[PDB]
Amino acid sequence: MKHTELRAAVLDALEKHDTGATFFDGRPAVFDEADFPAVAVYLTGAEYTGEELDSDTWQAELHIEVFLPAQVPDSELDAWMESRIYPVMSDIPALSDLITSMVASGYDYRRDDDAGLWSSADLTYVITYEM
Amino acid sequence: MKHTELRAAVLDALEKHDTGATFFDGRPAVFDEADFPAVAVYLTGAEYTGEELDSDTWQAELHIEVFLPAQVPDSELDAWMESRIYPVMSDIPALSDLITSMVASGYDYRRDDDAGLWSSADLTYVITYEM
Amino acid sequence: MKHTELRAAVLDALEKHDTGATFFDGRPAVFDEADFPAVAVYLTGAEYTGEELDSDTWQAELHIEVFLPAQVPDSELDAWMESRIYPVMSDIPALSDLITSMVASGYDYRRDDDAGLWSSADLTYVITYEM
Amino acid sequence: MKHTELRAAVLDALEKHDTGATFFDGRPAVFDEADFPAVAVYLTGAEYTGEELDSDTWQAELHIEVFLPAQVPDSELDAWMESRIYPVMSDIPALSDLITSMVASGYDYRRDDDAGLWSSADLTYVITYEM
Amino acid sequence: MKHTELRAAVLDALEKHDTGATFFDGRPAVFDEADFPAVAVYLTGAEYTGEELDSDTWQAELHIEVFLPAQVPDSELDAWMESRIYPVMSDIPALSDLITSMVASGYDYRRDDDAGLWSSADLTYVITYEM
Amino acid sequence: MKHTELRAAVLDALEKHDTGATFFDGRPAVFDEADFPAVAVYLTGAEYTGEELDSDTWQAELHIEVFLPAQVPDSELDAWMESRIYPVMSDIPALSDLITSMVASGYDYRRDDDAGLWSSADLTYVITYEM
Amino acid sequence: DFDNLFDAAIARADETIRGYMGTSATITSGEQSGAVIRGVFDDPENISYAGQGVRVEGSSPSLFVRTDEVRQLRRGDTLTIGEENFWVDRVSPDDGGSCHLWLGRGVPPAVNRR
Amino acid sequence: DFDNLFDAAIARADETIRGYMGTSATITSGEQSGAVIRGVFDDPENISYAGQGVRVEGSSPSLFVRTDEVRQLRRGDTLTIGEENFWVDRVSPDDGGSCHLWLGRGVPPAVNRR
Amino acid sequence: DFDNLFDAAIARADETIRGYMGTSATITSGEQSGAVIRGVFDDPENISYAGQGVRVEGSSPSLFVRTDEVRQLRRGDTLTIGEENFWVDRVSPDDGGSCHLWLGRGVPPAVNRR
Amino acid sequence: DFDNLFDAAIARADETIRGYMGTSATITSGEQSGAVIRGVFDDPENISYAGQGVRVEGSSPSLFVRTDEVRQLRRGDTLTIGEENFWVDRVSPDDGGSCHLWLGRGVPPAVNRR
Amino acid sequence: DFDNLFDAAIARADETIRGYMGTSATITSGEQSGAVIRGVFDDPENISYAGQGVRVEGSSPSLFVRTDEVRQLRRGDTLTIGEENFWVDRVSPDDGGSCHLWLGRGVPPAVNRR
Amino acid sequence: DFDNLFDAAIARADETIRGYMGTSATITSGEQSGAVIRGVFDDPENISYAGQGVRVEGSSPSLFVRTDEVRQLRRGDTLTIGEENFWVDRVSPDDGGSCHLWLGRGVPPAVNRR
């Protein structure tokens, strides 16, 4: 499927830039308080909007998610997101070949409320792709 | 319903391919930690959308479920999805006669958060058929 | 309303066919592990979508539930719904004279999760009548 | 305003026939297993649909309910509704001047599940009134 | 600022009429069973529907709330809103000069259930004002 | 990046007037019952409304929160949210250069109920900005 | 009197409890009208919040009087303990030797029967 | 009498508590029809609210009847705890020496099974 | 004084327990103005979260004062635990000889009664 | 064998308790086919409501037999308790010296494996 | 010193428990800066899942030292439990003779105040 | 060895119970690779339903090792218990003398680090 290399493709881009974080791929994550700030990449949705009489042309949501320690102020997340991700995800040659269109959706914040071990910044992308 | 043979037809087609899974049909499941990765197939919906003033022409929904142990990375989940389900079921002549039209909808993943024994990947299809 | 008469008519239509199941009218039910696989008939909705400037022309919904032990595979439910209910009520003169129009609405499954004591299949119709 | 008499008039309009039920006005009720099957009358909503440029012409909802003990079959509820309440109120000249227009909405069932202390059938009307 | 002027204007008009009730204005309330039936008035919403090219012209909802003890029959509450409040806001010159326009929206009921200490009825007035 | 710049600019615009409050930027807050009435500034949303063919032109929500102890009357909250904070921010030249447009949206309150420790009032602004 | 050889025991218990606990109360109105009965008074505190802040905390008095004297009491009747007036809202079913009496406060609210 | 070495104690234990704690309830109607059973009866309180205020306070009688003499008691038939009238709702499975008997009040509701 | 044989004990108990537990409190304002009353002070910790992280941890003081000397106390008044300043927010019904007294902090919040 | 000194103790305890409380259990079908074991049978009662109201009363039988025999038991096979015949639905993992055996009732439902 | 004849008792007990378990530590930065503090350290468990599964198992240090030393601490200041460093996050209110200290791990996160 | 007087006392507590309870563990792979560790094993139960009926009954093994000999175990490494093998999933922090080891079953799932 396209997802494995898709996840691989973005991982190459971010790892190619300066590090400063672990890159736990996919979704199992499991951190413990040793491997802090790190990022993850996965997909959601993956439906069958036809949109095209000759090709299936599926689409799905792409999540670039970065976790930061507990109650660090959003400024670090804001700086992290708009410097270490958004400029990087501006254009990647591998992605253009793999998928049809690349559209941004939005990004929010959330954190562990009870206890409060972690903070999370989530960036959501929209990918239209053909099987 | 005709679901008896309809589930039978698709199950055989999946069984015709490489094995490596229990092929629970219907619902009750009940696994225990020895019959892992397996596949489940069942139906929902099944209303009376008429759209044809000569025969009832019901429409239902098809679930294709495959379950994996705990926190296996989703890479193989997609790999299992793209290799073991989507292509083979995309063209089965037996299904063609039993129903009138087969349309893909989408596919997602869920997982056991508490405890966390299992991980689930589902594929949803909508079926048009007459009975 | 005419609900008692309609329920009696459909119940007798079911009882005329070969038996093997309890035929609970109404809603008190109370099964115990002795009156298993069985059916119940009841009505819900009962609105006044007038729609007609000559008479009330109320509209209600007919529930035909069939209950089976615990975690029987859904093949038995499919057979039950395809043999003993859906065809038999397709043409009943008593209800034909009783109501104006009767339309198939939906058909679905649901089984007990906690302690899984039962598994029910519901067949729902929409009926228009005059009181 | 007219709420007091409107409930008073209709409850008096009910009491003209045979007794055998309490006619609790309003809401407080409080039954116990000694003043059983009875009826309650109350209104909700009370909006300000304009509908008119000379006077307020308020509109509310009229609730008339009946309560029966435990798992008495709904056949009593149906018979009680179609005979005891529905016909008599269908033409009560006392409220004809008291209101502007009356219209039925629907008729529903809802019964105690835990300990089954009761069983209630609700008939609902929409009332337009010049308060 | 208008809310204090708005809140004061209506309550003083209410206070201008016959007494018999505490006039807790604003929000915190805190009654105990000594200062019974009392009226609470407050504002909610206050968004920025533009609607006007020369001034902001917001609008908010005005609440008129009165509390009654437990199972007091709603007839008294229905009487209370008429006997005390509703006719007074038909013509109050104070707030009329203060705000732009205001209409009625609804008039509801509710009460405590667990320990059933209180029972209340609320009046909702949509007000349009510029600030 | 603009969020750090935006949040910094607005809090400075507030602090120019007379003090009397803490100015927690970001989000983690942590107040304690000595640093009371204080103001928090943060952002939410940050979608990708295209709306243009030359830049991303994102939009977000600007929240101004003022916190007061427990059950103080809302009167001061009205004064605080209308006089203390609203007129001052109505025209900030730094923001005008910084942003593309500013629109007022919300004006809410939220009283703590469990342990009733605090009382918060929310001012919401919708911001159209390009980064 | 009781075919249990135990209700006789619990009967002496309740009288001992009422004897060594609680106080006497005087009922007003009702079929008993003016009468004096001894019970055990206890008033747990209860809070209700309703809207945002509408804390309307009150009380939930109880009496736990023996069953015999509380019969044919209905609900509309009022009650006085010491110097303050009460009124019964609900009577618990007999446990075998007694029953709890749930008392309101002030005037009972209306009747709203028919 | 049974492969327990334990029930024989609980068997006698059941008889002792029933004799020392319980009432001589008489069954009317049903296949048993006229018979008498010693059972320990209680009336715990249960109250539902339904709508805004629709308090329907009632009782949930229980009997704790021994299994041997309660066989084929069925469900429809009524019941009499002395001078009061009840009707069995359901029978609990044997815990080893007895079963909790659940009682309604008044006429049992209809049949509705055909 | 009380037909209890029991309240006199617990009333005596309250003096003994407050004789050993708790501290004297100096009241200001109200109708009692300046007075000294003995009570037991405890300040359990409480914490709210509100939004994402808005932790506003604090505490809820309590006093458990004898009922006789807290009559006509009302709510708008304020207290002092030595150097510390408190204001009464809510009183409790008597459990028989005493009632919990709930305290705020800082200046009492406004009046807001008209 | 048990290299813990505690597993032998609990094994003796389990054997004694099964002797003192357990009952015979003859099984049918399965790899053991005709086989007799001893287990401490019990059957808690459970109720469910399927809809607006439908009371489906049932039971959840358990056995708690020692682990040495319930090996290679699977799920389809059945067993008889005295005169009653059940079927194993679930086998709990070993607790150290035994395991619980959850049973259904009547004929096991189908197979539906492939 | 303490007008309760009990505070000296409980505080003395606080000295014993801290002296008889829970080691000692020293402060880094803050007003106290270099100073040695003895308390009682423990670390429970806490797991959060966030998304589909992001299990982030961590700890929750606590100290429970008497209040007098821990005065003028605030929150930004750090400390170390011997070889391992931490930082104060929340200080519980005085129990009567002591208070709890809630610690983070690593560097305190920013300030984000003005 | 440590300024507690209690941990050293409870250090003796854990070694004897680990001797008296549980078995030895033959760890395989990982930086420890071939080693033998004593611990107490137990396998509680857990049933998940997922969909309508998807009962996936399993177990959650635990070991309760002493932290001194199980340092830097990491996560992917497996472990053979007697004749059967497990793989560690979580190592809890020490309670003061030991911790809890949470075991998976079968092969560890992938790595998915990068």
# chains A, B, ... in the order shown; residues from 1 in each chain; ligands from 1
>>> select_by_dssp(residues="region 32-98 of chain A", states="strand (DSSP E)", output="number ranges by chain")
A: 38-47, 58-69
>>> select_by_dssp(residues="region 80-111 of chain B", states="alpha helix (DSSP H)", output="list in words")
residues 80, 81, 82, 83, 84, 86, 87, 88, 89, 90, 93, 94, 95, 96, 97 and 98 of chain B
>>> write_last_selection(atoms="N, CA and C atoms", output="compact mmCIF listing (two decimals), in the first residue's frame")
# COMPACT_ATOMS: atom_id res chain seq x y z
N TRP B 80 -1.29 -6.04 5.63
CA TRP B 80 -2.30 -7.09 5.64
C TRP B 80 -3.55 -6.64 4.91
N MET B 81 -3.97 -5.40 5.13
CA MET B 81 -5.17 -4.90 4.47
C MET B 81 -4.99 -4.84 2.96
N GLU B 82 -3.87 -4.26 2.51
CA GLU B 82 -3.68 -4.08 1.07
C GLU B 82 -3.38 -5.38 0.34
N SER B 83 -2.83 -6.38 1.03
CA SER B 83 -2.40 -7.59 0.36
C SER B 83 -3.36 -8.75 0.53
N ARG B 84 -4.02 -8.86 1.68
CA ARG B 84 -4.85 -10.02 1.96
C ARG B 84 -6.33 -9.79 1.72
N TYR B 86 -8.08 -6.32 0.08
CA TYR B 86 -8.59 -5.42 -0.96
C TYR B 86 -8.48 -5.98 -2.37
N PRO B 87 -7.35 -6.54 -2.81
CA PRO B 87 -7.29 -7.00 -4.20
C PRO B 87 -8.14 -8.22 -4.46
N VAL B 88 -8.06 -9.23 -3.59
CA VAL B 88 -8.76 -10.49 -3.85
C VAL B 88 -10.26 -10.26 -3.89
N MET B 89 -10.79 -9.52 -2.91
CA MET B 89 -12.22 -9.26 -2.89
C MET B 89 -12.65 -8.27 -3.97
N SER B 90 -11.70 -7.56 -4.59
CA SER B 90 -12.07 -6.58 -5.59
C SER B 90 -12.71 -7.22 -6.81
N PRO B 93 -15.94 -13.51 -9.15
CA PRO B 93 -17.11 -13.75 -10.00
C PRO B 93 -18.30 -14.31 -9.26
N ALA B 94 -18.08 -15.10 -8.21
CA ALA B 94 -19.19 -15.67 -7.46
C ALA B 94 -20.05 -14.57 -6.85
N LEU B 95 -19.41 -13.55 -6.28
CA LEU B 95 -20.16 -12.44 -5.70
C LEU B 95 -20.98 -11.72 -6.76
N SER B 96 -20.43 -11.58 -7.97
CA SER B 96 -21.09 -10.80 -9.01
C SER B 96 -22.49 -11.31 -9.28
N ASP B 97 -22.67 -12.63 -9.31
CA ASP B 97 -23.99 -13.18 -9.58
C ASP B 97 -24.93 -12.99 -8.40
N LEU B 98 -24.41 -13.09 -7.18
CA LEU B 98 -25.28 -13.09 -6.01
C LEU B 98 -25.85 -11.71 -5.72
>>> calpha_fit_rmsd(fixed="chain D", moving="chain F")
0.5 Å
>>> residues_around(residues="region 92-95 of chain K", least_positions_apart="6", cutoff="12 Å", atoms="only C-alpha atoms", output="PyMOL selection string")
(chain F and resi 32-33) or (chain I and resi 41-47+57-61) or (chain K and resi 7+10-11+14+62-68+70-71+73-75+101-103)
>>> residues_around(residues="region 20-29 of chain B", least_positions_apart="6", cutoff="6 Å", atoms="only C-alpha atoms", output="PyMOL selection string")
(chain B and resi 37-42) or (chain C and resi 71+73-74) or (chain J and resi 113-114) or (chain L and resi 53-54)
>>> residues_around(residues="residue 5 (chain C)", least_positions_apart="3", cutoff="10 Å", atoms="only C-alpha atoms", output="list in words")
residues 1, 2, 8, 9, 10, 11, 94, 95 and 98 of chain C; 75 of chain D
>>> write_last_selection(atoms="N, CA, C and O atoms", output="mmCIF file, in the first residue's frame")
data_model
loop_
_atom_site.group_PDB
_atom_site.id
_atom_site.type_symbol
_atom_site.label_atom_id
_atom_site.label_comp_id
_atom_site.auth_asym_id
_atom_site.auth_seq_id
_atom_site.Cartn_x
_atom_site.Cartn_y
_atom_site.Cartn_z
ATOM 1 N N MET C 1 -55.852 1.539 20.163
ATOM 2 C CA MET C 1 -56.394 1.818 18.840
ATOM 3 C C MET C 1 -56.906 0.541 18.199
ATOM 4 O O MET C 1 -57.501 -0.310 18.858
ATOM 5 N N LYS C 2 -56.668 0.417 16.899
ATOM 6 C CA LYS C 2 -56.754 -0.871 16.235
ATOM 7 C C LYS C 2 -55.508 -1.708 16.470
ATOM 8 O O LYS C 2 -55.340 -2.746 15.823
ATOM 9 N N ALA C 8 -53.065 -8.928 16.956
ATOM 10 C CA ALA C 8 -53.679 -10.248 16.943
ATOM 11 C C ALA C 8 -53.624 -10.861 15.553
ATOM 12 O O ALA C 8 -53.319 -12.047 15.403
ATOM 13 N N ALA C 9 -53.906 -10.063 14.523
ATOM 14 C CA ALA C 9 -53.919 -10.586 13.162
ATOM 15 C C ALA C 9 -52.539 -11.075 12.749
ATOM 16 O O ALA C 9 -52.389 -12.191 12.238
ATOM 17 N N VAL C 10 -51.513 -10.254 12.972
ATOM 18 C CA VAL C 10 -50.169 -10.662 12.575
ATOM 19 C C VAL C 10 -49.701 -11.841 13.419
ATOM 20 O O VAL C 10 -49.030 -12.755 12.921
ATOM 21 N N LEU C 11 -50.064 -11.856 14.701
ATOM 22 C CA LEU C 11 -49.685 -12.963 15.562
ATOM 23 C C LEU C 11 -50.311 -14.262 15.086
ATOM 24 O O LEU C 11 -49.650 -15.303 15.063
ATOM 25 N N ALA C 94 -55.870 -9.953 6.406
ATOM 26 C CA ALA C 94 -56.408 -9.310 7.598
ATOM 27 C C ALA C 94 -55.799 -7.929 7.793
ATOM 28 O O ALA C 94 -56.517 -6.928 7.892
ATOM 29 N N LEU C 95 -54.469 -7.846 7.807
ATOM 30 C CA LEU C 95 -53.847 -6.538 7.960
ATOM 31 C C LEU C 95 -54.037 -5.687 6.716
ATOM 32 O O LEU C 95 -54.075 -4.456 6.813
ATOM 33 N N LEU C 98 -57.046 -4.117 7.414
ATOM 34 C CA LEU C 98 -56.966 -3.332 8.640
ATOM 35 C C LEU C 98 -56.321 -1.973 8.405
ATOM 36 O O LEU C 98 -56.814 -0.955 8.901
ATOM 37 N N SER D 75 -51.645 -3.668 25.860
ATOM 38 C CA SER D 75 -53.019 -3.734 25.378
ATOM 39 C C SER D 75 -53.940 -2.875 26.233
ATOM 40 O O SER D 75 -54.834 -2.201 25.710
#
>>> closest_atom_pairs(of="chain H", to="chain G", cutoff="6 Å", atoms="only C-alpha atoms", output="JSON lines")
{"residue": "H:20", "atom": "CA", "partner": "G:4", "partner_atom": "CA", "distance": 6.0}
{"residue": "H:21", "atom": "CA", "partner": "G:4", "partner_atom": "CA", "distance": 5.5}
{"residue": "H:22", "atom": "CA", "partner": "G:4", "partner_atom": "CA", "distance": 5.9}
>>> atom_distance(atom1="CA of residue 34 (chain K)", atom2="CA of residue 78 (chain K)")
10.7 Å
>>> closest_atom_pairs(of="chain H", to="chain E", cutoff="10 Å", atoms="only C-alpha atoms", output="CSV")
residue,atom,partner,partner_atom,distance
H:49,CA,E:113,CA,7.6
H:50,CA,E:113,CA,10.0
H:51,CA,E:113,CA,9.3
H:52,CA,E:111,CA,6.8
H:53,CA,E:113,CA,6.9
H:54,CA,E:113,CA,9.7
H:55,CA,E:113,CA,9.4
>>> write_last_selection(atoms="N, CA and C atoms", output="tab-separated table (two decimals), in the first residue's frame")
chain	number	residue	atom	x	y	z
H	49	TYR	N	-38.50	8.04	39.89
H	49	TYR	CA	-38.86	9.43	39.66
H	49	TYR	C	-39.60	9.67	38.35
H	50	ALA	N	-39.32	8.88	37.31
H	50	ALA	CA	-39.94	9.06	36.00
H	50	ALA	C	-39.73	10.48	35.48
H	51	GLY	N	-40.80	11.27	35.42
H	51	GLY	CA	-40.74	12.61	34.89
H	51	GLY	C	-40.14	13.62	35.85
H	52	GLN	N	-40.69	14.84	35.87
H	52	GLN	CA	-40.14	15.89	36.71
H	52	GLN	C	-40.25	15.50	38.18
H	53	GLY	N	-41.48	15.44	38.70
H	53	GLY	CA	-41.70	14.73	39.94
H	53	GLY	C	-42.85	13.77	39.80
H	54	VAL	N	-42.55	12.47	39.75
H	54	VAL	CA	-43.57	11.45	39.61
H	54	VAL	C	-43.29	10.35	40.63
H	55	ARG	N	-42.73	10.71	41.78
H	55	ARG	CA	-42.33	9.75	42.79
H	55	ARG	C	-43.38	8.67	43.00
